[PDB]
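The block underneath contains the structure these notes are about, expressed in structure tokens.
Please treat every number below as a calculation from the coordinates, not as lab data. Quick reminder, even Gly has a Cβ in these numbers, built from the backbone with ideal geometry, and neighbours come from all protein chains shown.
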Amino acid sequence: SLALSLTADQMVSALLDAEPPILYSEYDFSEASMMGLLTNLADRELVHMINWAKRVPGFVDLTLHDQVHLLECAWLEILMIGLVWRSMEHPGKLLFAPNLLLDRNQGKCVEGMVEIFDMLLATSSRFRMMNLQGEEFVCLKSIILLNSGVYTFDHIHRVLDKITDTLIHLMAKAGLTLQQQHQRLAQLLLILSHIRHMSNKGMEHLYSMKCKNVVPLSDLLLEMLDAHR
Amino acid sequence: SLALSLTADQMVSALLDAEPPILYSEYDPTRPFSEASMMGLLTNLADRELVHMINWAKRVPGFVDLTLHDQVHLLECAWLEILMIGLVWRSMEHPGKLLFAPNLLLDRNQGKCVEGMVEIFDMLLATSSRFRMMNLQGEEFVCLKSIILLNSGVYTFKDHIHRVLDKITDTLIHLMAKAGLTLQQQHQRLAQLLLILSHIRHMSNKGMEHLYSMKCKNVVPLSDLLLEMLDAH
Amino acid sequence: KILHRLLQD
Amino acid sequence: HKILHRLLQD
């Protein structure tokens with residue numbers, strides 16, 4: 001590999017540099033406009049997400065088939081963690097794009113979405129209480145990529161250990177005692193279980209919206225969604 | 001409360017003592033089974049395990065300190081995740097199979113007998129494999145299970161639950177240090193255990209979809225408690 | 001509900 | 001002929 005011989009600062013440097021940009025909405029609400037805006041954005045972010053993933057150390061070392069599988073498993077968790085991250089400094093709101101801040105009130109508009117909006121807002125608030133940092137965030141999202149589909153399968157689990165080592169290095173650099181370090185490592189990784197939950201509930205609502213055919217979906221989004229069932 | 005003042009070793013003793021029993025199935029190899037009745041055995045087993053689980057939860061440090069409404073919510077969110085981690089735990093030493101009960105062992109080529117669920121079977125086998133890979137320990141297992149209980153439904157409502165979760169992290173670390181792991185091995189293993197909960201969460205969400213499908217077909221017997229647990233999702 | 005009663009029993 | 005298969009290659 002190569003990911004395994006990077007130092008901790010180099011690993012975080014790599015992940016900071018791979019980071020995708022914050023995109024803007026094609027914006028100039030109801031069920032159709034909500035879903036049309038959101039799925040257009042999701043489609044656009046997905047293309048950037050795919051090129052981000054190839055820049056995650058250790059990722060390109062996998063076979064194309066394993067890369068496909070990990071991205072199909074995790075793409076919604078990754079869009080969600082990004083959304084919740086963007087939204088931190090905007091309490092009670094979700095920043096889908098800098099020109100598209102949405103209240104839970106607009107989540108009502110779509111059938112079944114207010115439940116997901118509330119879970120996302122909770123996650124964001126939780127990230128805020130914990131004072132989550134950017135360096136930690138990029139580690140978490142890389143962890144999601146490598147971990148989420150990893151069971152349907154060593155190098156990859158060694159890569160995950162390298163990222164753990166990296167998170168700990170960031171917290172120690174930031175001054176935390178050893179005990180604050182393992183407690184905070186635990187708090188962060190537990191949040192990934194809730195991000196998983198949100199992704200599964202979101203995927204189910206995406207399929208439901210696919211079926212109700214309220215909005216046409218991009219072929220890419222259809223294939224990302226299809227891979228889940 | 002009394003939970004926050006427990007030491008690591010007291011925490012571990014508490015949890016180990018609250019361990020529910022492994023129950024038997026009414027499986028009989030003499031009897032033919034359809035995919036339906038084979039599933040009835042599993043749902044029947046889950047229903048009995050649930051009654052034990054509810055009384056085990058009462059003995060998890062910090063749980064009884066919560067209001068009834070919050071206990072209800074936490075159990076409704078986590079019940080299938082907890083049944084599943086227990087099954088994977090029981091199946092550890094039986095590579096390629098799931099030990100639903102001592103008298104009920106199913107390999108994954110028997111899990112095709114039911115449609116749409118062989119993939120759930122595969123994910124459980126994948127998880128039991130991972131436990132084996134890491135040599136998961138009984139004391140780590142009970143910590144993990146209590147984490148699921150307190151954590152799963154925590155962001156769909158409290159500072160108390162988070163203080164208890166921190167105690168369990170402390171307990172996990174203590175267990176790893178006392179097994180002689182380096183500090184680096186301890187944080188790595190901590191992360192390895194906690195990342196499992198993401199997979200266990202996925203399986204539960206996917207099983208819940210198969211549970212709902214099963215109910216809609218009204219082929220397999222589901223008990224009144226299972227019906228209400230499902231409904232909570 | 002059933003869980004409610006099991007818990008407070 | 002998955003789109004993702006192409007996009008991971010480009």
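State the Cα centre-to-centre distance between region B:129-164 and region A:176-229 in whole Å.
20 Å
For the protein assembly as shown, build the charge dipole from Cβ charges (+1 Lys, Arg; -1 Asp, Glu) around the Cα centre, then report which of B:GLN186, A:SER124, A:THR152 sits farthest towards its positive end.
Value: B:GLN186.
Could you state, as a whole-number percent, how many of the C-alpha pairs of the protein assembly as shown are farther apart than 40 Å? Numbers along the way, then the final one.
On the way: 21569 of 115440 pairs.
For the protein assembly as shown, the fraction of Cα-Cα distances above 40 Å is 19 percent.
Provide the net charge surrounding A:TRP52, with neighbours chosen by a C-beta distance below 12 Å and charges set as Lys +1, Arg +1, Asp -1, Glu -1.
Within the 12 Å Cβ shell, the charges total 0.
Pairs A:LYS212/B:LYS215; A:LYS201/D:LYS2; B:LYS145/B:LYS206; A:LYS141/B:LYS215; A:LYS93/B:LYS145: which are spaced more than 30 Å apart, C-alpha to C-alpha?
Check vs 30 Å cut-off fails for A:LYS141/B:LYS215; A:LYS93/B:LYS145.
How fast does region B:86-135 diffuse by Stokes-Einstein, in µm²/s, taking the Kirkwood radius from C-alpha pairs at 37 °C and 0.692 mPa s?
307 µm²/s
Putting +1 on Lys and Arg Cβ atoms and -1 on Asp and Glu Cβ atoms, find which of A:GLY107, B:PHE63, B:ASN218 reaches farthest to the positive end of the dipole of the protein assembly as shown.
Of the listed residues, the answer is B:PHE63.
Give, rounded to the nearest 20 debye, the magnitude of the charge dipole that region B:101-233 has about its Cα centre when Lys and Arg contribute +1 at Cβ and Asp and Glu contribute -1 at Cβ. Don't skip to the answer; put the middle values down first.
Details: 14 positive and 13 negative charges, 59 e Å.
Roughly 280 debye for region B:101-233.
When the dipole is taken about the Cα centre of the protein assembly as shown, and only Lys, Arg (+1) and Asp, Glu (-1) are charged at their Cβ, what size is it in debye, to the nearest 20?
It works out to roughly 320 debye.
What residue among B:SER1, C:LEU3, A:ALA53 has its Cα farthest toward the positive end of the dipole of the protein assembly as shown, where the charges are +1 on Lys, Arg and -1 on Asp, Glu, each on the Cβ?
Result: B:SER1.
On average, how many beta carbons from a partner chain sit within 10 Å of the beta carbon of a residue in A:144-151?
4
For chain A, what does the equivalent ellipsoid look like in terms of its semi-axes, each the square root of 5 times an eigenvalue of the Cα gyration tensor, given largest first in whole Å?
For chain A, the ellipsoid semi-axes come out as 30, 21, 15 Å.
Which ³J(HN,Hα) values in Hz, rounded to whole numbers, follow from the phi angles of region B:34-43 under the Karplus curve 6.51 cos²θ - 1.76 cosθ + 1.60, where θ = phi - 60° and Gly and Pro get x?
Residue by residue, region B:34-43 yields 8, 4, 4, 4, 4, 6, x, 4, 5, 5 Hz.
Rg to Rh for region A:106-180: what is it, with Cα atoms only and Rh by Kirkwood?
On the way: Rg = 16.3 Å, Rh = 14.8 Å.
Taking Rh as the inverse mean 1/r over Cα pairs, Rg/Rh reads 1.10.
Hey, what number do you get for chain B at 222 nm if only DSSP H runs of n ≥ 4 count, each worth -39500 (n - 2.57), divided across all residues, to the nearest 500?
-22500 deg cm²/dmol
Based on alpha-carbon centroids, what's the gap between region B:26-75 and region B:1-24 in Å, whole number please?
One Cα centre to the other: 19 Å.
Treating only the Cβ atoms of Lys and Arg (+1) and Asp and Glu (-1) as charged, compute the dipole magnitude of chain A about its Cα centre; round to the nearest 20 debye.
Details: 19 positive and 26 negative charges, 107 e Å.
Value, rounded to 20: 520 debye.
Can you sort A:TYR207, A:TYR151 from fewest to most other Cβ atoms within 10 Å of each residue's own Cβ?
Neighbour counts put them in this order, fewest first: A:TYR207, A:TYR151.
So for A:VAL12, A:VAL84, B:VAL118, fewest C-beta neighbours within 10 Å to most, what's the order? Working shown, then result.
Details: A:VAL12 22, A:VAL84 27, B:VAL118 15.
By the 10 Å Cβ count, ascending: B:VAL118, A:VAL12, A:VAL84.
On alpha carbon coordinates alone, what is the Rg over Rh value for region B:10-123, Rh being the Kirkwood radius? Can you show the working numbers first?
Working: Rg = 15.9 Å, Rh = 15.7 Å.
Using Cα coordinates only, the ratio equals 1.01.
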